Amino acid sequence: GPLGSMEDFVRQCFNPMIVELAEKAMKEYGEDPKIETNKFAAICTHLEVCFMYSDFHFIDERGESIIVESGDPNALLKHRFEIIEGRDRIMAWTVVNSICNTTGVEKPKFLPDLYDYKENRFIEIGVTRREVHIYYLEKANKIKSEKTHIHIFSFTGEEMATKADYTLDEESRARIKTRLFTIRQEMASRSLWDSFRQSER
């Protein structure tokens, strides 16, 4: 089939808020989304997975974690996750340092993606086009915080998480895996997938 552009793919399959945040992330670290286009799509994907991971999860009036998929959560509900990803470096560390001074949770060396108020820990979300065990070890060796929980998703449905503790229910993680499957399929229809996959390196 015809080779599409990754720019068109990103603009057509990601929400404009997500695309704008990814452009900002790349600008912040001196990269151009129109040149590093596979990285651009990977950042969009990672942002979306982090938002999907936190979606619908609340802590109820008794302090227990619950799932509310309706648009209107009860007003006494607390969001279960703090989202650190998707923020500029000053604001992201402002949110982190805060949680750390507040809860007593130690400070990470690298910015994590979420904070889980149920499990009382930071989370590093990974999305890989390679094998999850390889990618898991690379991340574990990098952060080595050992209080920060790692949860890796692949595009073919495999997952790996710290201590085999997957945090979320099957249905929530299935929403994420379904979305990743969709991204891969749509990229493949545009003849973008093979190169995107091989670019992770």
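Think of the rigid core as the biggest set of C-alphas that the two forms share within 1.5 Å after superposition. For every residue, the number given is its place in the sequence shown, counted from 1.
- Larger root-mean-square CA separation from the shown form, computed after a rigid core fit of the structures in 5 other deposited structures of this protein, is seen for 67-75 when 124-132 is set against 67-75.
- Fitting each structure in 5 other deposited structures of this protein onto the rigid core and averaging C-alpha distances over structures and residues, 143-151 emerges as the more displaced of 40-48 and 143-151.
- Just going by the entry, 150-158 versus 132-140 on mean CA temperature factor gives the higher value to 132-140.
- Per-stretch averaging of Cα B factors for 187-195 and 173-181 places 187-195 on top.
- Taking only the listed residues 45, 38, 65, 167, the entry reports the highest CA temperature factor at 65.
- Comparing the listed residues 87, 121, 109, 80, the entry records the largest Cα B-factor for 109.
- Annotation for residue 91: CA B-factor lies in the middle third of the chain's modelled residues.
- Looking at the C-alpha B-factors along this chain, the one for residue 59 belongs to the highest third.
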